[PDB]
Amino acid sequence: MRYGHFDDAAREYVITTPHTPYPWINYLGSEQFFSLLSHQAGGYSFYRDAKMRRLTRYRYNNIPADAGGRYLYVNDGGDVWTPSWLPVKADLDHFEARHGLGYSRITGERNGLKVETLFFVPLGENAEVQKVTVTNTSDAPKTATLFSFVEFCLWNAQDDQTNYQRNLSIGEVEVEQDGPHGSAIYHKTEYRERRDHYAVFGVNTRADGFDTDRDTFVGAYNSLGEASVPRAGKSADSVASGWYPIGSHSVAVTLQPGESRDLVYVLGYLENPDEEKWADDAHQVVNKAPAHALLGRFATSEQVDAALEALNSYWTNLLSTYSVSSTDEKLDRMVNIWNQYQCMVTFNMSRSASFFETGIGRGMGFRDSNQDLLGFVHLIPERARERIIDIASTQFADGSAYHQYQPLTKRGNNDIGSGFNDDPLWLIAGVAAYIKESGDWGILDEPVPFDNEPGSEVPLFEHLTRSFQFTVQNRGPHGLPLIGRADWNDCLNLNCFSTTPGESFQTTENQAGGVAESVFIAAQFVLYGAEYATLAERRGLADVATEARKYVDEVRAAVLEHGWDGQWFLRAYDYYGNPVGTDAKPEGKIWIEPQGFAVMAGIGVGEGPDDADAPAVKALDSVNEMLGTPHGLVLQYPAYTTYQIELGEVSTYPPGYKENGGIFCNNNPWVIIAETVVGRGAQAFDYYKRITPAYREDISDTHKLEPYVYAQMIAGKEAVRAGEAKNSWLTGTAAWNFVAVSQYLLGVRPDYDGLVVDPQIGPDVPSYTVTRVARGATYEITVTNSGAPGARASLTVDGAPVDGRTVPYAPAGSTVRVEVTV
C-alpha cells in the first residue's frame, strides 16, 4: 500500500495524494535557517534554534493534524480553495507534492487554475522563499485573487505557547505596501526592547491589500479552512496591536487560457547592529535596509531559479563523496540519496525539532551529535570538525559532560538530565571517526575549554583523556563501568527508585550509592577505548597508550567473566548488584544493546560464523530468535508488564513501545555490524532491509510515517500497533545505518592510514561498484561477491595483488582502481 513513489533521477519523493496516513515532512535549509515543511505546506521555520528564534507558529496535536502552515488561498469567482488541500479541503482535480533535497514543490489544481509552489531555503540566506506559478488550464479567461498567509510566532516558542498573560499585549508589526520590490510586512515583536532581529514576509509585486491580524483575516468562530478574508475576496488591511500577528498579501491576477504568472514570496530573518536598529532618531521605526536587500535578491523568478540550481549543485557535490551502483535499486537510492540527506538533517537538528520533537526542551545532544558525526564526517568534514569543538567545549574537567547544549548559545544545560555515563565515550567515537575520515590529526591540538570557560582551554586530545579516565575511575564491583543516570538507553535508570508521579525520570534526582553497572558502557569502552589507545600512541604517548590497552583488556575480560548470561550478554547489574537481562528473570530476559555492541567490539568472536560455541554467535542467535520481527529487532524480550521500580523509566511504557519492547532502531545497526563481524553478511543485510525506508515503502500504511527516512521507533511484536513508527527523521538510526551499509555491508571504510575494503553483505548483492573519495583521491571499487558465509575479500589494486584488505591511502588527485573478490 503506497501514497507516492521515489523518483531517483530527480532525487525526490513524490507524494500523489493529500490523504497520507500522517503528515509527511521535508526539512529546508542546511546551514543556520531551517523549515519543517509537510506535504500540505504545514510546519514552521526558525533561525539556529527552534526554541529561541522561531519565526512562525505551528500547533502540535492540532485537530486535525497539521492545520497551519504557509497557505495560499485562491478565490476564483467566490470559490475559495488552497492548492495544499488543507486547510480548506476543497476537491482538487490534481494534487502532487514532491520533497527534494533542500526544496519541495506542492501543486494543486481546481476548476481550471493550477497553483504550483516551490519552497526552499537558499544557500547563504536566512529565509524561506516560495515561487508560486498560477496557470489557467481552462479554455476561457480566469480572474482570481491570491491571499498568502503565515502566522508568526513570538520568537521564544515556550513563551509563545504558555505566557499569554504577558504576550497577548506585545505583538507588533509594520506594513510597507509600497516597498522597493513590492509589498512587505514586518513582524517586530520585542524589537522595541532586547531583540536586534525581526521577520519580514514580502512579495515581489505591489499587493492589492494586506492583513497582519489573525482574528481579522480568519474571522470570529472560524478555522483556517473557513477564513473570512479570502471568502470576502478582499484583504481587510488589518494592522495588529497585540493578539496574533500574521503576514498576508492579496494579489488579483487575470490570465488568458494557457497563460501563467509567477509570484515570489519571502519569509526572512533579519538582524541589525544595535547602533543601526532604527530608521529614525526617536527609535520608533525599524531599519528596513537588510529586509529590502533580501527582497531585492529574490525579486525575479530568474533569481529564484539560479538559487535553486546552486542548491542542486551543492547537493550533487555533497553526494559525490560516497556512491554505489549495484543490482538493488532500493539499496542504491538509500546509499546515494536518502540516508545521506537524512544525516545532514540529523547533523543540523540533533533531536530538537520535528513533527514529534517539539523544538522546546531539546537542543544539540552530546551523545546524539557524536553519533550523528559517524554518518556525517564524509559529507562536510570542516563542519564536523567545528561540531566536535563545540561539543567538547561543553564537557567538564572530570570527563563528564552536559548532556546537550542550547543551539543558539552553544552552552550546555541539564534540561533533560545529567550524568549519562555513556556520554564521555561518544566523544572519543566522534573524534576517531573524524580523524579516520579526514587525516586531520591536527584537531587533537585544537584548544578546547571545559564548560565554555575562557582560559580553561586544553588540547582536544586531553578532553579525550578526561573521557577515557572517567570510565576507568568509575567501574563497579565486577570491573564494569558504573551506569550513572542511564547509559545509551535513557530509560535504564538504576539509581532512581521514583514513586512520585509525573516527575521526569530524565531529570529526577538520583540516589547516591549502590553498585549499578552497565554491560553496554563496558562494550563501548572496549570499542572506543581501543581508539583512544591508538590516538595516544600516535601522539608519542607510549606509556599512556600501554596503560590504556591494559584497561581496555581488563574491561573486555570483565564482560566475558561477569557479563555473560549463558546464551547472551547480561545487560547490567542493578543498584543491589543483581543481574539485569538474565534468563533467570521472567521479563527483560535479553536486551539487545550489549549483544550488538559487545560483538562490534570483538568480544566473544570465535573461529567463524559456523562456530556454534562462540559467545558472539550464541548471543546473535538469541537476538535472532527472541528479538526478531518482520519490522526489525525489539529492544528486550519479554517486555515488562508491571512497573519495576529498580529499573526506572523503561517499564512505564506499555509493552511493544519505545524502550519497553519497541524496535528502537538506533540499536539495530549495532546488531547488523556485529553480524558482519562474525561473518554472516546475509543475516546482517536482512536486518538492514527490515528497518530501511526504501524496503518498507510497500507497507506505507503500516509504517504510517515518511517512507524515505528512518524513524526512532517502530512498534514491536508485543504492541497492538506492531509495525507502526513514531518519531521520524530525528534519530541516531540515520547515522548508524549509514555506517552499517556504507562501511560494513558494502564494506568501504576509512581507517587511520588506509581505506579498508571488506564487503560482508551476503548473496543478495552479488555485484556492485562503490565510488569513494577519501583523502583527496577517488577509489573505484569493483566488487564481485559470492556472499558465502564467512568469505572475506581479497584485493588487487591498479593491476597488482595486495596483502589483506587495507589499501594505503593514495596521493590526492589519484584514481585508484580496486578489484574486490569475495
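Don't overthink the numbering: it's just position in the shown sequence, from 1.
- The question of which stretch, 548-556 or 371-379, has the higher mean Cα B factor is settled in favour of 548-556.
- For the two regions 233-241 and 561-569, the entry's Cα B-factors average higher over 561-569.
- Across the residues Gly102, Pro654, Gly540, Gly247, the deposited record lists the maximum Cα B factor for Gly540.
- When the C-alpha B-factors of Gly661, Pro669, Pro454, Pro290 are ranked from the entry, the top spot goes to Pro454.
- When the modelled residues of the chain are ordered by their C-alpha B factor, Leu28 lands in the lowest third.
- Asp758 sits in the middle third of its chain by CA B factor, as recorded in the PDB entry.
- The PDB entry assigns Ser38 a C-alpha temperature factor belonging to the lowest third of its chain's modelled residues.
- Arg775 sits in the highest third of its chain by CA B factor, as recorded in the PDB entry.
- The PDB entry assigns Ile781 a C-alpha temperature factor belonging to the middle third of its chain's modelled residues.
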